[PDB]
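Quick notes on the structure that follows.
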Amino acid sequence: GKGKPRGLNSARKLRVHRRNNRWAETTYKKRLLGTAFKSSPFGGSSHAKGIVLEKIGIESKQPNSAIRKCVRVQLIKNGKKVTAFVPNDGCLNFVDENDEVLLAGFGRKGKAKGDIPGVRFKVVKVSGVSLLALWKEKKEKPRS
Amino acid sequence: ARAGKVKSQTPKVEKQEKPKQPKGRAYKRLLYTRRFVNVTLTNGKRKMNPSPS
Amino acid sequence: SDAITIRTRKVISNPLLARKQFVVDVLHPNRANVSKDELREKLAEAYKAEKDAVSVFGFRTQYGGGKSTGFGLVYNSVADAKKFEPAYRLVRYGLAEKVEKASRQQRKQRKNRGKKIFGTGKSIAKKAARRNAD
Amino acid sequence: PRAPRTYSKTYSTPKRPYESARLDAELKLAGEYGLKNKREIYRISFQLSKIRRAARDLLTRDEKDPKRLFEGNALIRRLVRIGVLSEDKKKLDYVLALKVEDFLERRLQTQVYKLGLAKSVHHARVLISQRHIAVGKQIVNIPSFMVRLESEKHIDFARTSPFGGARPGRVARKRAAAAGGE
Amino acid sequence: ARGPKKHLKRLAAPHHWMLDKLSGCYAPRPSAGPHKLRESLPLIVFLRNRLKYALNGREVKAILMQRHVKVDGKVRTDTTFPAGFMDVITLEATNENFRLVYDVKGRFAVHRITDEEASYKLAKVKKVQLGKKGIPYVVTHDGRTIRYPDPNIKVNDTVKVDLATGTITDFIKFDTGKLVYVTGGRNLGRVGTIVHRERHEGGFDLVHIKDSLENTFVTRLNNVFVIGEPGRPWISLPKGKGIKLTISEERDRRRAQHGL
RNA sequence: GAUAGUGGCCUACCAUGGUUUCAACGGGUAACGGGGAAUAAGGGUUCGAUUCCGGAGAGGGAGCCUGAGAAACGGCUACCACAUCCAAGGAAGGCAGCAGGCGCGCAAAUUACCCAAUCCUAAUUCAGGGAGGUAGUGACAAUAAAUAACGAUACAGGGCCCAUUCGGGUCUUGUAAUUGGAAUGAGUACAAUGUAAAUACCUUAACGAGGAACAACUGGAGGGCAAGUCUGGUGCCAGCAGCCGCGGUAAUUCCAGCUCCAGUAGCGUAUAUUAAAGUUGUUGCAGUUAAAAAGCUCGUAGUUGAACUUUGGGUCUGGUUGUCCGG
Ligand SMILES: [Mg+2]
């Protein structure tokens, strides 16, 4: 009989029911338990800034198997470490390690992208330049 | 590491001075006239991409 | 050609500043921005009063000429105009002139330093000369 | 600070991004109409959409309430003034089906066209788009202007914009001095 | 806070002053004076806005200082003065005078008046008591107070005050079949007669009111105000008779003989 | 007692009791509260740092004088913080006020000119006001569209006249990558303005369009999802890619080129959040197996409840509609 009560003095039980069952759809859980600010070192940060440590390359997953051009960064605003990427074939050596870098996220919401294991971030700004420039040779990289 | 190669082997072809595409209002007028005047000379279906090859 | 036939609209004749206020429409034909002084002189013919009895300001055209709009004040005589009518407009008319107001930073610095001194201190000036001489 | 100033958007992006029949329909509207872009279509569309919203919640209630008998009659008075509908249809219910094209009927692009002196409508686009006009002697500048259905008879050429009581101007005069005057 | 307010934005103004939502952002805080702020009219506003005689704040101060305006004979040099209700504002130059009479819809309107009626004022009774010496006295919410009132006048009636001295020439009591007038909120600004002296005590006396055309409604008491005998109210109310007409009759009237 | 005063506001002496599972204080708020903003069948979910309306705060915390009014802060006193000049004896200070700088950041501008507006201030029209006024820094969002258009020509399939073949085949794109005048603001500048000084427009004198030019752009071109097996190179590496899946010797996806394809000063990228979601469903979910029916009952709290009392007949009509040749 539609085991949700319907009698014309319901309002209270309706509210408590719906607001003890919001806790399924995660998006609500992340917003209100808020750990999207506590952990997830990019504190709701549509970007961040950090510095490079030393370039590494990790094996990829199933059938698509190759070296996938990986980077190791430590942020500055909190002091936390992640692993990022370089698109646009070359320009993996625009690194010049100990140069800073401006990171941004993928699109799969911290869940991994494509084939890569344990990586979350592109790079669109770095050391005052945007990779779209040099890889199309619009600007020219100043050195640090 | 061994990356950065494709642009090394790429042919370095250059641009072609082709007469400007009349960017702007002319562009819409041209797409209209080309697309929707000539129903003849069909290509099985109207294949928009007929090549010289 | 030029040959304008000026006109005014919304005429008010108010003695509470001993004047008349109106809005002036002016015909452009084939001549840009009919040049305030000419409007002043034509008004001098129109109201037949003293020439300097006109202060017209705020012109805008019609986006491709044609006519232009302004707001015009005819004082019944020079007097109340001289008295209450704010300075700037008369400055620009050339009747009265514009004082040198010391620039904003200038006046501020002056007044603050005057704050810092208590009483016109001729005594403190000569005393300081004497003492720093020591 | 100052009394706040206000927004108003005037185009919207349909949910379906890309489907042919539409695409071709609007391009065709350009073909018989001379559009700059598809922004003109989206703006005329959003305008249409709110008109229809108005008519819907007009007819949702009952009839003979003063609310309709005033606001509906005024809305249709506005429209019969601009020139989209026709007098034989002053019933507020043809309004539910204006069929976007109809608004476009009354733009000085094709208003000049079907008024002539346009010669292949885009030439009318040339005339109107830059200061070669005369409408109210308020020399219009945008052809998304919606003539008020009565000043349309004034539509002519101004004292600039030659062939109609002007002086050639800034190129033709150059060549007239270069050769014609000499 | 920590004391009163001196500065007034351009927004928190009441609607009825007919603002402009442009041209600056600091509107005249009317001077703390006789009437209530949130309804009072400022004279400067009366001039630049409606009259459009002074074109600028300095112009207002200018015209005031030279003393051609008078709040009921009194000078009142200041700008932010609270001009009030059915009062008298004389402009000796131009030989014209004004009465603060409402229009139909709810905001203050101009009205020239004959010099005759310009003599006096028609104010509301608020309170009557005996002060020190036991002397009898009356307080009107239209500012003034009068000592030794006419004896019969109880609360909530109308007194015609000369303002030439401070003396009563007549008064009107509060009864059914009395042309009565309102100053109340959502239906503020309507000529009327009491069809019923509804009481409902314990709080907020209410009155049921017919218009001239048998279109009744209800208003809270204090915002009502008696205005004259049937067929003859004492003031000379403007066109409109406070009736709150129908929108369509309005458009027909507005556009019937279209030359405007 | 104190307070302008009510009052456990405070004190003395008795009464010892109010509070709630229709949520008590607790803990957190990446929350000052709200009129509103986004969202677009209808319910709703999220944002509210602010153009308002109030409220609280001017290092953080106590106390006070003055004044109708302040626990004030461009008033002061005083602890621990920041701390600015010296002759080692206290010294002027508190920018979350304007304008800049400082460290920090995903990141916000000019040590601009001004009281003409706006109004507000205190002995008052004039005096005063980084309150704010006029400009620069101004792609946070917006609205309006400059990116060429028309002629005389020498052609094709089909528009059109017939058929070996005058073309009476008159329009089109392919394209001519033929050919000429026409017209401009983009930009430049005297003038009147125009804002007192100061935008800029608007008018505008004059200059200034015939192809490189005054040069459109970012993303794609396998499926959504709009158009490629057209050409070259690389060949399990490179690279792609929101998903799928393309990468192992003609890639229709890569790298280029050409040809195309969307909106047009705009577009993509990146994070949070709304419709699609009927995957939060109250109006609208599921529960035999798939994401669970507590093991069953009792059993307080809410939540809901059998039927049954003036029906019915008469009442003149008060007005209005299907309404009655149509004035
Ligand atoms: Mg031109």
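Checked against (1) within 14 Å of chain E (Cβ to nearest Cβ); (2) within 28 Å of residue E:67 (Cα to Cα), residue C:54 passes all but condition (1). Being in contact with a strand residue (DSSP E or B) (Cβ under 6 Å, 6 or more places away or on another chain) and within 14 Å of chain E (Cβ to nearest Cβ) is a condition met by at least one residue of segment C:88-100.
For residue D:132, the criteria (1) more than 8 Å from RNA strand F (Cβ to nearest atom); (2) in contact with a helix residue (DSSP H, G or I) (Cβ under 9 Å, 6 or more places away or on another chain); (3) touching a residue at least 12 places away in the same chain (Cβ under 8 Å); (4) part of a loop (DSSP other than H, G, I, E, B) hold in every case but one, which is (1). When you go through (1) over 17 Å from the mean Cα position of the chain (by Cα); (2) more than 14 Å from chain D (Cβ to nearest Cβ) one by one for residue B:53, which number turns out not to apply? Exception for residue B:53: condition (1). The criterion of being buried (at least 18 other Cβ atoms within 10 Å of the Cβ) and either under 14 Å from the mean Cα position of the chain (by Cα) or among the basic types (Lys, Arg) (or both) holds for residue E:76.
If you go through segment A:21-45 and keep only what is within 6 Å of RNA strand F (Cβ to nearest atom) and on the phi > 0 side of the Ramachandran plot, you end up with A:34, A:44.
State which residue is surrounded by the fewest Cβ atoms within 10 Å (Cβ to Cβ) when the search covers only segment A:43-93 and only residues that are under 19 Å from residue A:114 (Cα atoms) and β-branched (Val, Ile, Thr). The qualifying residue surrounded by the fewest Cβ atoms within 10 Å (Cβ to Cβ) is A:56.
None of D:34, D:83 is under 22 Å from residue D:156 (Cβ atoms) and in contact with a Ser or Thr (Cβ under 9 Å, 6 or more places away or on another chain) except D:34.
Looking only at residues in segment D:143-182 that are near RNA strand F (Cβ under 8 Å from one of its atoms) and β-branched (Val, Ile, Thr), which one is nearest to the other protein chains (Cβ to nearest Cβ)? Looking at residues that are near RNA strand F (Cβ under 8 Å from one of its atoms) and β-branched (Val, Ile, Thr), I get D:160.
Annotation: residue C:84 fulfils all but one of (1) over 16 Å from the mean Cα position of the chain (by Cα); (2) within 14 Å of another protein chain (Cβ to nearest Cβ); the unmet one is (1).
Can you confirm whether segment A:97-110 contains a residue that is more than 14 Å from every other protein chain (Cβ to nearest Cβ) and over 30 Å from residue A:138 (Cα atoms)? Yes; the residues of segment A:97-110 include at least one that is more than 14 Å from every other protein chain (Cβ to nearest Cβ) and over 30 Å from residue A:138 (Cα atoms). Of the residues making up segment E:102-111, those that are in a loop (DSSP other than H, G, I, E, B) and away from chain C (no Cβ under 14 Å) are E:103, E:104, E:105, E:106, E:107, E:111. For first residues located in segment B:20-47 and more than 12 Å from chain D (Cβ to nearest Cβ), partners that are part of a helix (DSSP H, G or I) and lie 6+ apart or on another chain with Cβ distances below 7 Å form the pairs B:21/B:27; B:22/B:30. Within segment E:1-19, residues that are within 14 Å of another protein chain (Cβ to nearest Cβ) reach partners that are aromatic (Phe, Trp, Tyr) with beta carbons closer than 7 Å, at six or more positions or on different chains, in the pairs E:9/E:26; E:10/E:26. Considering D:121, D:126, the condition of being near RNA strand F (Cβ under 9 Å from one of its atoms) and either surrounded by fewer than 16 Cβ atoms within 10 Å (Cβ to Cβ) or among the polar types (S, T, N, Q) (or both) is satisfied by D:126 alone. Listed conditions (1) without any contact (Cβ under 8 Å) to a residue 40 or more places away in the chain; (2) near RNA strand F (Cβ under 10 Å from one of its atoms); (3) within 28 Å of residue B:2 (Cα to Cα) are all met by residue A:83, apart from (2).
Filtering segment C:68-80 for residues that are touching a helix residue (DSSP H, G or I) at 6+ places or on another chain (Cβ under 6 Å) and within 14 Å of chain E (Cβ to nearest Cβ) leaves a non-empty set. Among residues of segment E:30-46 that are within 14 Å of chain C (Cβ to nearest Cβ), those with a beta-carbon under 7 Å from a residue that is more than 12 Å from RNA strand F (Cβ to nearest atom) at least six positions away or on a different chain give the pairs E:43/E:83; E:46/E:83. Of the numbered criteria (1) under 21 Å from the mean Cα position of the chain (by Cα); (2) within 30 Å of residue E:248 (Cα to Cα); (3) more than 11 Å from RNA strand F (Cβ to nearest atom), the one residue D:115 fails is (2). Looking only at segment D:117-155, filter to residues that are more than 16 Å from the ligand (Cβ to nearest atom) and small (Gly, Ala, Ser); which one of those is nearest to residue D:103 (Cα to Cα)? For segment D:117-155, the residue satisfying everything is D:144.
For (1) within 16 Å of the ligand (Cβ to nearest atom); (2) not in a loop (DSSP other than H, G, I, E, B), each residue gets a yes or a no:
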| residue | (1), (2) |
| --- | --- |
| D:162 | yes, no |
| D:168 | yes, no |
| D:173 | yes, yes |
| D:182 | no, no |
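Quick check on my filter: what residues within segment D:30-88 are among the hydroxyl-bearing types (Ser, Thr, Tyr), under 30 Å from residue D:120 (Cα atoms) and surrounded by fewer than 15 Cβ atoms within 10 Å (Cβ to Cβ)? If the condition is that a residue be among the hydroxyl-bearing types (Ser, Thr, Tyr), under 30 Å from residue D:120 (Cα atoms) and surrounded by fewer than 15 Cβ atoms within 10 Å (Cβ to Cβ), then D:86 is the only one that fits. Kindly indicate whether residue D:144 is part of a loop (DSSP other than H, G, I, E, B), in contact (Cβ under 8 Å) with a residue 60 or more places away in the chain and surrounded by 14 or more Cβ atoms within 10 Å (Cβ to Cβ). Yes; evaluated as a whole, the condition is true for this residue.
Filtered by the rule that a residue be farther than 20 Å from residue C:64 by Cβ, away from chain B (no Cβ under 12 Å) and part of a helix (DSSP H, G or I), segment D:108-122 gives D:110, D:113, D:114, D:115. Of the strands (runs of 3 or more DSSP E) contained entirely in segment E:161-260, those carrying at least 1 residues that are of a type in the set (S, T, N, Q) fall at E:168-172, E:191-196, E:217-220. Only one of the listed residues (D:137, D:99) is part of a loop (DSSP other than H, G, I, E, B) and surrounded by 12 or more Cβ atoms within 10 Å (Cβ to Cβ). That residue is D:137. Is it the case that segment E:5-26 has a residue that's of a type in the set (A, V, I, L, M, F, W, C) and touching a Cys at 6+ places or on another chain (Cβ under 9 Å)? Yes, segment E:5-26 has at least one match. Scanning segment E:128-147 for residues that are hydrophobic (A, V, I, L, M, F, W, C) and out of contact with any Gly (no Cβ under 9 Å at 6 or more places or on another chain) turns up E:128, E:130, E:135, E:138, E:139.
When segment D:139-182 is limited to residues that are small (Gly, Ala, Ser) and in contact with a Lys or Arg (Cβ under 8 Å, 6 or more places away or on another chain), the one that is farthest from residue C:1 (Cα to Cα) turns out to be D:144.
Can you tell me how many residues within segment D:147-182 are of a type in the set (A, V, I, L, M), without any contact (Cβ under 8 Å) to a residue 12 or more places away in the chain and surrounded by 11 or more Cβ atoms within 10 Å (Cβ to Cβ)? Here the count works out to 3.
Rule-based calculations on the coordinates, nothing more; no lab input. Positions of Cβ are generated from backbone atoms using ideal geometry, with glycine treated the same way; all protein chains shown enter the neighbour counts.
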